[PDB]
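Shown below: input-v3.cif, with mmCIF, N, CA and C atoms; chains and numbers go by the auth columns.
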data_work
loop_
_atom_site.group_PDB
_atom_site.id
_atom_site.type_symbol
_atom_site.label_atom_id
_atom_site.label_comp_id
_atom_site.label_asym_id
_atom_site.label_seq_id
_atom_site.Cartn_x
_atom_site.Cartn_y
_atom_site.Cartn_z
_atom_site.B_iso_or_equiv
_atom_site.auth_seq_id
_atom_site.auth_asym_id
ATOM 1 N N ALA A 1 67.365 -243.824 -117.514 0.00 1 K
ATOM 2 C CA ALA A 1 66.634 -244.568 -116.450 0.00 1 K
ATOM 3 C C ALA A 1 67.392 -244.468 -115.132 0.00 1 K
ATOM 4 N N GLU A 2 66.690 -244.049 -114.083 0.00 2 K
ATOM 5 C CA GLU A 2 67.291 -243.901 -112.766 0.00 2 K
ATOM 6 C C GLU A 2 67.666 -245.259 -112.186 0.00 2 K
ATOM 7 N N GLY A 3 68.593 -245.946 -112.846 0.00 3 K
ATOM 8 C CA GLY A 3 69.044 -247.252 -112.398 0.00 3 K
ATOM 9 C C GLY A 3 70.438 -247.162 -111.794 0.00 3 K
ATOM 10 N N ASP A 4 70.530 -247.393 -110.488 0.00 4 K
ATOM 11 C CA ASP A 4 71.811 -247.333 -109.791 0.00 4 K
ATOM 12 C C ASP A 4 72.250 -248.722 -109.339 0.00 4 K
ATOM 13 N N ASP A 5 71.669 -249.759 -109.941 0.00 5 K
ATOM 14 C CA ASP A 5 72.012 -251.138 -109.596 0.00 5 K
ATOM 15 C C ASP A 5 72.011 -251.330 -108.082 0.00 5 K
ATOM 16 N N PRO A 6 70.881 -251.787 -107.518 0.00 6 K
ATOM 17 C CA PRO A 6 70.746 -252.014 -106.078 0.00 6 K
ATOM 18 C C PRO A 6 71.228 -253.401 -105.658 0.00 6 K
ATOM 19 N N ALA A 7 71.950 -254.075 -106.548 0.00 7 K
ATOM 20 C CA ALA A 7 72.460 -255.411 -106.261 0.00 7 K
ATOM 21 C C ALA A 7 73.807 -255.334 -105.547 0.00 7 K
ATOM 22 N N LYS A 8 74.888 -255.232 -106.320 0.00 8 K
ATOM 23 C CA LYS A 8 76.227 -255.162 -105.759 0.00 8 K
ATOM 24 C C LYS A 8 76.565 -253.736 -105.340 0.00 8 K
ATOM 25 N N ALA A 9 76.089 -252.765 -106.113 0.00 9 K
ATOM 26 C CA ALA A 9 76.345 -251.357 -105.821 0.00 9 K
ATOM 27 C C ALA A 9 75.984 -251.033 -104.377 0.00 9 K
ATOM 28 N N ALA A 10 74.708 -251.194 -104.039 0.00 10 K
ATOM 29 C CA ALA A 10 74.223 -250.912 -102.688 0.00 10 K
ATOM 30 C C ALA A 10 75.144 -251.523 -101.639 0.00 10 K
ATOM 31 N N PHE A 11 75.519 -252.779 -101.843 0.00 11 K
ATOM 32 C CA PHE A 11 76.397 -253.477 -100.911 0.00 11 K
ATOM 33 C C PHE A 11 77.761 -252.799 -100.854 0.00 11 K
ATOM 34 N N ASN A 12 78.248 -252.363 -102.010 0.00 12 K
ATOM 35 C CA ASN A 12 79.545 -251.696 -102.092 0.00 12 K
ATOM 36 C C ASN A 12 79.454 -250.285 -101.522 0.00 12 K
ATOM 37 N N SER A 13 78.259 -249.707 -101.575 0.00 13 K
ATOM 38 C CA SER A 13 78.031 -248.358 -101.066 0.00 13 K
ATOM 39 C C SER A 13 78.339 -248.276 -99.577 0.00 13 K
ATOM 40 N N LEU A 14 78.330 -249.420 -98.904 0.00 14 K
ATOM 41 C CA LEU A 14 78.600 -249.454 -97.470 0.00 14 K
ATOM 42 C C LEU A 14 80.098 -249.490 -97.216 0.00 14 K
ATOM 43 N N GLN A 15 80.792 -250.309 -97.995 0.00 15 K
ATOM 44 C CA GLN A 15 82.233 -250.468 -97.864 0.00 15 K
ATOM 45 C C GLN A 15 82.960 -249.210 -98.319 0.00 15 K
ATOM 46 N N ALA A 16 82.316 -248.448 -99.193 0.00 16 K
ATOM 47 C CA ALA A 16 82.899 -247.213 -99.712 0.00 16 K
ATOM 48 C C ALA A 16 82.880 -246.101 -98.660 0.00 16 K
ATOM 49 N N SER A 17 82.322 -246.385 -97.483 0.00 17 K
ATOM 50 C CA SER A 17 82.256 -245.399 -96.408 0.00 17 K
ATOM 51 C C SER A 17 83.457 -245.547 -95.483 0.00 17 K
ATOM 52 N N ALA A 18 84.627 -245.748 -96.078 0.00 18 K
ATOM 53 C CA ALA A 18 85.863 -245.901 -95.323 0.00 18 K
ATOM 54 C C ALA A 18 86.635 -244.594 -95.340 0.00 18 K
ATOM 55 N N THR A 19 86.094 -243.606 -94.643 0.00 19 K
ATOM 56 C CA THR A 19 86.707 -242.281 -94.572 0.00 19 K
ATOM 57 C C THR A 19 88.057 -242.313 -93.848 0.00 19 K
ATOM 58 N N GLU A 20 88.418 -243.459 -93.273 0.00 20 K
ATOM 59 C CA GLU A 20 89.687 -243.592 -92.569 0.00 20 K
ATOM 60 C C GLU A 20 90.794 -244.042 -93.520 0.00 20 K
ATOM 61 N N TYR A 21 90.418 -244.402 -94.741 0.00 21 K
ATOM 62 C CA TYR A 21 91.382 -244.853 -95.743 0.00 21 K
ATOM 63 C C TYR A 21 91.503 -243.846 -96.889 0.00 21 K
ATOM 64 N N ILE A 22 90.576 -242.888 -96.958 0.00 22 K
ATOM 65 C CA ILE A 22 90.601 -241.871 -98.008 0.00 22 K
ATOM 66 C C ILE A 22 91.388 -240.661 -97.532 0.00 22 K
ATOM 67 N N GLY A 23 92.699 -240.783 -97.569 0.00 23 K
ATOM 68 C CA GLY A 23 93.587 -239.708 -97.143 0.00 23 K
ATOM 69 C C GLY A 23 95.042 -240.152 -97.216 0.00 23 K
ATOM 70 N N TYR A 24 95.361 -241.222 -96.497 0.00 24 K
ATOM 71 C CA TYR A 24 96.718 -241.756 -96.477 0.00 24 K
ATOM 72 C C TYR A 24 97.068 -242.364 -97.831 0.00 24 K
ATOM 73 N N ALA A 25 96.047 -242.802 -98.560 0.00 25 K
ATOM 74 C CA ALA A 25 96.246 -243.404 -99.875 0.00 25 K
ATOM 75 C C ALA A 25 96.705 -242.353 -100.877 0.00 25 K
ATOM 76 N N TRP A 26 96.252 -241.117 -100.686 0.00 26 K
ATOM 77 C CA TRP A 26 96.623 -240.021 -101.575 0.00 26 K
ATOM 78 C C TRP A 26 98.110 -239.728 -101.441 0.00 26 K
ATOM 79 N N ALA A 27 98.601 -239.756 -100.206 0.00 27 K
ATOM 80 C CA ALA A 27 100.011 -239.500 -99.936 0.00 27 K
ATOM 81 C C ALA A 27 100.870 -240.560 -100.613 0.00 27 K
ATOM 82 N N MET A 28 100.365 -241.791 -100.641 0.00 28 K
ATOM 83 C CA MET A 28 101.064 -242.898 -101.254 0.00 28 K
ATOM 84 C C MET A 28 101.167 -242.695 -102.760 0.00 28 K
ATOM 85 N N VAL A 29 100.111 -242.144 -103.350 0.00 29 K
ATOM 86 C CA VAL A 29 100.076 -241.891 -104.783 0.00 29 K
ATOM 87 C C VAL A 29 101.211 -240.951 -105.176 0.00 29 K
ATOM 88 N N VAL A 30 101.397 -239.894 -104.393 0.00 30 K
ATOM 89 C CA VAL A 30 102.444 -238.924 -104.652 0.00 30 K
ATOM 90 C C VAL A 30 103.808 -239.603 -104.615 0.00 30 K
ATOM 91 N N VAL A 31 103.944 -240.601 -103.746 0.00 31 K
ATOM 92 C CA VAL A 31 105.189 -241.336 -103.609 0.00 31 K
ATOM 93 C C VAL A 31 105.413 -242.255 -104.811 0.00 31 K
ATOM 94 N N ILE A 32 104.371 -242.453 -105.614 0.00 32 K
ATOM 95 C CA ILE A 32 104.465 -243.302 -106.797 0.00 32 K
ATOM 96 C C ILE A 32 104.858 -242.464 -108.009 0.00 32 K
ATOM 97 N N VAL A 33 104.174 -241.338 -108.193 0.00 33 K
ATOM 98 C CA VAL A 33 104.447 -240.448 -109.304 0.00 33 K
ATOM 99 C C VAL A 33 105.643 -239.557 -108.966 0.00 33 K
ATOM 100 N N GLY A 34 105.509 -238.754 -107.915 0.00 34 K
ATOM 101 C CA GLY A 34 106.586 -237.859 -107.494 0.00 34 K
ATOM 102 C C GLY A 34 107.909 -238.608 -107.405 0.00 34 K
ATOM 103 N N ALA A 35 107.827 -239.914 -107.170 0.00 35 K
ATOM 104 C CA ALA A 35 109.015 -240.752 -107.062 0.00 35 K
ATOM 105 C C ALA A 35 109.687 -240.907 -108.422 0.00 35 K
ATOM 106 N N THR A 36 108.912 -240.733 -109.490 0.00 36 K
ATOM 107 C CA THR A 36 109.444 -240.859 -110.843 0.00 36 K
ATOM 108 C C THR A 36 110.131 -239.560 -111.263 0.00 36 K
ATOM 109 N N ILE A 37 109.442 -238.441 -111.056 0.00 37 K
ATOM 110 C CA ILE A 37 109.975 -237.127 -111.408 0.00 37 K
ATOM 111 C C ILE A 37 111.399 -236.969 -110.886 0.00 37 K
ATOM 112 N N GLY A 38 111.668 -237.564 -109.729 0.00 38 K
ATOM 113 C CA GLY A 38 112.991 -237.492 -109.118 0.00 38 K
ATOM 114 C C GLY A 38 114.028 -238.187 -109.980 0.00 38 K
ATOM 115 N N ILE A 39 113.865 -239.491 -110.138 0.00 39 K
ATOM 116 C CA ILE A 39 114.790 -240.284 -110.930 0.00 39 K
ATOM 117 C C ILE A 39 114.791 -239.815 -112.380 0.00 39 K
ATOM 118 N N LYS A 40 113.635 -239.366 -112.859 0.00 40 K
ATOM 119 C CA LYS A 40 113.509 -238.884 -114.223 0.00 40 K
ATOM 120 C C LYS A 40 114.390 -237.659 -114.425 0.00 40 K
ATOM 121 N N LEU A 41 114.269 -236.702 -113.510 0.00 41 K
ATOM 122 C CA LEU A 41 115.049 -235.472 -113.571 0.00 41 K
ATOM 123 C C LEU A 41 116.542 -235.784 -113.558 0.00 41 K
ATOM 124 N N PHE A 42 116.902 -236.910 -112.949 0.00 42 K
ATOM 125 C CA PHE A 42 118.299 -237.325 -112.856 0.00 42 K
ATOM 126 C C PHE A 42 118.828 -237.771 -114.214 0.00 42 K
ATOM 127 N N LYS A 43 118.026 -238.548 -114.937 0.00 43 K
ATOM 128 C CA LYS A 43 118.424 -239.052 -116.249 0.00 43 K
ATOM 129 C C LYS A 43 118.658 -237.909 -117.230 0.00 43 K
ATOM 130 N N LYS A 44 117.817 -236.885 -117.153 0.00 44 K
ATOM 131 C CA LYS A 44 117.923 -235.733 -118.045 0.00 44 K
ATOM 132 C C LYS A 44 119.272 -235.044 -117.877 0.00 44 K
ATOM 133 N N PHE A 45 119.632 -234.744 -116.636 0.00 45 K
ATOM 134 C CA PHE A 45 120.893 -234.076 -116.346 0.00 45 K
ATOM 135 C C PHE A 45 122.071 -235.014 -116.575 0.00 45 K
ATOM 136 N N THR A 46 121.827 -236.314 -116.463 0.00 46 K
ATOM 137 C CA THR A 46 122.877 -237.303 -116.635 0.00 46 K
ATOM 138 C C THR A 46 122.900 -237.868 -118.055 0.00 46 K
ATOM 139 N N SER A 47 121.920 -237.496 -118.877 0.00 47 K
ATOM 140 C CA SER A 47 121.858 -237.983 -120.253 0.00 47 K
ATOM 141 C C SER A 47 122.125 -236.856 -121.251 0.00 47 K
ATOM 142 N N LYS A 48 122.561 -235.699 -120.753 0.00 48 K
ATOM 143 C CA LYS A 48 122.843 -234.558 -121.609 0.00 48 K
ATOM 144 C C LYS A 48 123.969 -234.883 -122.583 0.00 48 K
ATOM 145 N N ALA A 49 125.127 -235.254 -122.043 0.00 49 K
ATOM 146 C CA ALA A 49 126.287 -235.588 -122.864 0.00 49 K
ATOM 147 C C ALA A 49 126.531 -234.510 -123.913 0.00 49 K
ATOM 148 N N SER A 50 126.606 -233.261 -123.463 0.00 50 K
ATOM 149 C CA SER A 50 126.832 -232.134 -124.359 0.00 50 K
ATOM 150 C C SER A 50 128.245 -232.182 -124.930 0.00 50 K
#

Please lay out the structure from this file as structure tokens.
Amino acid sequence: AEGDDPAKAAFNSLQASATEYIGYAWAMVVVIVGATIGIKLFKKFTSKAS
């Protein structure tokens, strides 16, 4: 059924037009994950104990 919920959806469809926020948020994401790979890579080399 072609039901796209015209109640809250439609209203949210307007707020979702924030093309000024869909870009800088992506860079922040990398700073969340990529930020782990850094410290993570450190534990590996520092947890070798060969």

Using all atoms of region 30-40 of chain K listed in the file and a margin of 6 Å per side, can you give the axis-aligned box centre and edge lengths in Å to one decimal, as AutoDock Vina command-line options?
--center_x 108.1 --center_y -240.1 --center_z -109.0 --size_x 25.4 --size_y 18.3 --size_z 22.8

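Relative to CA of residue 28 (chain K), CA of residue 45 (chain K) is found at 26.4 Å.
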
Discussion item. DSSP on the backbone, alpha helix (DSSP H) only: what residues of chain K does that give? Format it as an NGL selection string.
Written reply: :K and (8-15 or 24-46)

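You will find atom C of residue 21 (chain K) at 17.2 Å from atom N of residue 33 (chain K).
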
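The two atoms in question, CA of residue 37 (chain K) and atom C of residue 19 (chain K), are spaced 28.6 Å apart.
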
What would region 34-46 of chain K look like with N, CA, C and O atoms restored, written as a compact mmCIF listing (two decimals), keeping the file's coordinate frame?
# COMPACT_ATOMS: atom_id res chain seq x y z
N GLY K 34 105.51 -238.75 -107.92
CA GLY K 34 106.59 -237.86 -107.49
C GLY K 34 107.91 -238.61 -107.40
O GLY K 34 108.98 -238.02 -107.55
N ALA K 35 107.83 -239.91 -107.17
CA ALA K 35 109.02 -240.75 -107.06
C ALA K 35 109.69 -240.91 -108.42
O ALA K 35 110.88 -241.18 -108.50
N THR K 36 108.91 -240.73 -109.49
CA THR K 36 109.44 -240.86 -110.84
C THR K 36 110.13 -239.56 -111.26
O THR K 36 111.26 -239.57 -111.76
N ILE K 37 109.44 -238.44 -111.06
CA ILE K 37 109.98 -237.13 -111.41
C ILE K 37 111.40 -236.97 -110.89
O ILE K 37 112.23 -236.32 -111.52
N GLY K 38 111.67 -237.56 -109.73
CA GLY K 38 112.99 -237.49 -109.12
C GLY K 38 114.03 -238.19 -109.98
O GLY K 38 114.96 -237.56 -110.48
N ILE K 39 113.86 -239.49 -110.14
CA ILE K 39 114.79 -240.28 -110.93
C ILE K 39 114.79 -239.82 -112.38
O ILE K 39 115.82 -239.85 -113.05
N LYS K 40 113.64 -239.37 -112.86
CA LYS K 40 113.51 -238.88 -114.22
C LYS K 40 114.39 -237.66 -114.42
O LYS K 40 115.16 -237.58 -115.38
N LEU K 41 114.27 -236.70 -113.51
CA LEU K 41 115.05 -235.47 -113.57
C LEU K 41 116.54 -235.78 -113.56
O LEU K 41 117.35 -235.02 -114.08
N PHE K 42 116.90 -236.91 -112.95
CA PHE K 42 118.30 -237.32 -112.86
C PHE K 42 118.83 -237.77 -114.21
O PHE K 42 119.95 -237.43 -114.59
N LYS K 43 118.03 -238.55 -114.94
CA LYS K 43 118.42 -239.05 -116.25
C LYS K 43 118.66 -237.91 -117.23
O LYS K 43 119.58 -237.96 -118.05
N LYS K 44 117.82 -236.88 -117.15
CA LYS K 44 117.92 -235.73 -118.04
C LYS K 44 119.27 -235.04 -117.88
O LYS K 44 119.97 -234.78 -118.86
N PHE K 45 119.63 -234.74 -116.64
CA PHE K 45 120.89 -234.08 -116.35
C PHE K 45 122.07 -235.01 -116.58
O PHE K 45 123.19 -234.57 -116.83
N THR K 46 121.83 -236.31 -116.46
CA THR K 46 122.88 -237.30 -116.64
C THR K 46 122.90 -237.87 -118.06
O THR K 46 123.80 -238.63 -118.40
